[PDB]
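Read through the structure below, which is laid out as structure tokens, and then see the notes.
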Amino acid sequence: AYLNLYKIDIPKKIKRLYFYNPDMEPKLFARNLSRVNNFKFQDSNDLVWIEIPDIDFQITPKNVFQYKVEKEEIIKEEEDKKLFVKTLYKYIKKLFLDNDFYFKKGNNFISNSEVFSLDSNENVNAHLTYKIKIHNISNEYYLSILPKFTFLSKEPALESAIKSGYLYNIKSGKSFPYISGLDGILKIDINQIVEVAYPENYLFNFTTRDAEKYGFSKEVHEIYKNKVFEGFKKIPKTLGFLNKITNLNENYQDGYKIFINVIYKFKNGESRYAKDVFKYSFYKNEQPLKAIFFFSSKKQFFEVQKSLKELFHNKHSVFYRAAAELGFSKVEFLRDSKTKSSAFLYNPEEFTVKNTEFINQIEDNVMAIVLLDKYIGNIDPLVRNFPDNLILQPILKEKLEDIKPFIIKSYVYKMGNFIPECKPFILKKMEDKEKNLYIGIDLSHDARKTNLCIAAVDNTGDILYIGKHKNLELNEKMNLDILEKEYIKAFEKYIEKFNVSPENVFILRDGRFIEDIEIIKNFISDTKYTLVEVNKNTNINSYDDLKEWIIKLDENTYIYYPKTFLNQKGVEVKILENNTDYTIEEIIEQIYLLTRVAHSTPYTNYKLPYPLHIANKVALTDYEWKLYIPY
RNA sequence: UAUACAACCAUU
């Protein structure tokens, strides 16, 4: 099996050269040197310097040697790994820019010779693109080269017949929302609006959704299907200038890829297909399904009354068969003795509900089937204002109008998922993993603020605890205090549920641990644990099919490619630390199984381990996540 | 929003 990894063959050392110019301020001297070399120079109070790989590097202009200073320094990769990686990244960027590639944020390099206008839309250019990342595998350095495509307007924004919602800047590589382009003045979003001085440096960037929106997604899909493999194969010639640091003809090639078999245990059978839950019923149910209805108006009710009758007045409809198949003891639509109805109104303008005696006295698990007239752009008010004793279960009016069985089946599955006394399934390989506490960590720093969210689950997918903190002051010491506090809370929840400490604690991190790792290491404890870095955005891929495969890079680094009906995307898993009695291989398998310990619906599966999936989702919104995460 | 899907993500 091929991987898009390429071995870097250069001296593992960085050279720092110095220059001095008396006629010019050091910052300006460094800026001009950076511009002409496509490589950033740094400045001091008097000296300007550059850190380069220990390779032949001809600086521009030629006569710059007249400013060269005697001072030189050599830093081994041993003494400073990050400096070597930073320097190599900047060196790769320079080579691409020197060959007239455009740079785009994320180390995406847009080719300007491998460009063709789309047959479907004359005003759109399809630029062959390569995204480049640096990997440290088995004490050696590698370079992942992912062929992809960038669709840009052929003409600058003001001179482009077609338009989009995002502008790509040719110089900076950053993208900004497109506010307006009228009367020769182009305005971008920075929430600051700014008129631009060179609007010619801005092109329209077309995403997968715009291509659908502007009617050329068919050609966009075709290009991606059997014209990206040519991108993998065009690497040696198109990227030949990279011969300086690697041999593009020596590809990365028995038992370093294992297929993980996930079997679901239902009540009356087992399967590899989550959708067989309707064949063999919830692993645990015997619970009543209780529900009431909320409509945005009397009119909306009458618009869907026929479907409402077909679904809920026929006690043998697909809705009732789904609930029976999933193992619900009964289906009950509660009715207010006053109004004698199970149907109520909500204000679609304010997303509010009038509190009543009947609604207020509702106890236990009761689903609120809330009919939405259309997809709501800001659903936070609906969640925020809804009565907290009801389980909010919104559904689009149009999907009740047409009644596709798999949708109604999925809807009933979600309801079961949101009843804590239910368990749709347990994983066959997770049945003996109750002793472990699986924790996901989403922590970002942006301003001078910090955003934190943690989520803990057990071997069955039950959510033990979720903690979230908004707008913390960016300070390593303060942030790690709160981290410890939330971690202790999740720990106590496990004990609270299992009356014993977890024997092992899995800490899965969204990205890499950049905090004081030793501080974390100590307070994580007398409990055995493992520290795991998860990268949902890994650049390592292949033209081969790796879906549902786990690939070993080195002793502590794996990549799994979860099942998906979209493009093949990888998830990197790195065991930073481990003092559990599990081997790395066993830990990696448990992390992969965590992607299946719960389902939103049986027809799709999660890509990230469930605790991390929760942590990302809860951190993303103030209230919307309550629609997806049963907590 | 039954799922899913959302722009990028070491110069001015």
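Chain letters run A, B, ... following the sequence lines, proteins first, then strands; residues in each count from 1. Atom set for the values below is all heavy atoms of this structure, side chains included, hydrogens, waters and symmetry mates excluded.
Toward the 5′ end of RNA chain B lies the nearest nucleotide of A:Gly377, the other residue of the pair A:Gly377 and A:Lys617 mapping further downstream.
Of the side-chain N and O atoms in A:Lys414, one or more sit less than 4.0 angstrom from OP1 or OP2 of B:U3. Distances shorter than 4.0 Å separate none of the side-chain N or O atoms of A:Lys104 from OP1 or OP2 on B:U11. A sub-4.0 Å separation between OP1 or OP2 of B:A10 and a side-chain N or O of A:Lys133 is present. Between B:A2 and A:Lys399, a contact under 4.0 Å exists linking OP1 or OP2 to a side-chain N or O.
You'll find that the side chain of A:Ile395 is closest to B:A2, out of B:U12, B:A2, B:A10. Distance from the side chain of A:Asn169 is smallest to B:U11 among B:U11, B:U12, B:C5. Side chain of A:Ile190, nearest nucleotide from B:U1, B:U12, B:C5: B:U12. Taking only side-chain atoms of A:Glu624, from C-beta outward, the nucleotide of B:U1, B:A4, B:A2 with the closest atom is B:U1.
When heavy atoms are screened at a 4.0 angstrom cut-off, A:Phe565 is found touching the sugar-phosphate backbone but no base atom. Within 4.0 Å (heavy atoms only), A:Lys409 reaches no atom of the nucleic acid at all. Counting non-hydrogen atoms under 4.0 angstrom, A:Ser600 reaches the backbone sugars and phosphates but no base. Across all strands, A:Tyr202 comes closer than 4.0 Å to base atoms (heavy-atom distances). Residue-level contact check: A:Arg31 touches the backbone only, with heavy atoms under 4.0 Å from sugar-phosphate atoms and none from bases. Within 4.0 Å of A:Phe406, counting heavy atoms only, lies at least one base atom of the nucleic acid.
Atom CD1 of A:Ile369 is separated from atom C1' of B:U1 by 14 Å (rounded to the nearest Å). Regarding A:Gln42, its CD atom lies at a distance of 19 Å from the P atom of B:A10, rounded to whole Å. For A:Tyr375 and B:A2, the OH to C1' distance is 12 Å, given to the nearest whole Å.
For A:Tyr141, the ring pair (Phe, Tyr, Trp, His ring centres under 6.0 Å) partners are A:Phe84, not counting sequence neighbours. In this structure A:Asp276 satisfies the salt bridge (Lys or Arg N to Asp or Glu O under 4.0 Å) test together with A:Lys279, sequence neighbours excluded.
Using a 5.5 Å limit on the distance between ring centres and a 30° limit on the angle between planes, the aromatic ring of A:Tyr89 counts as stacked on the six-membered base ring of B:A10. A distance cut-off of 5.5 Å between ring centres, combined with a plane angle under 30°, leaves A:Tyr198 outside any stacking arrangement with the base of B:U11.
The side-chain tip of A:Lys617 points at the ring of A:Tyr628 from less than 6.0 angstrom away and within 45° of straight on.
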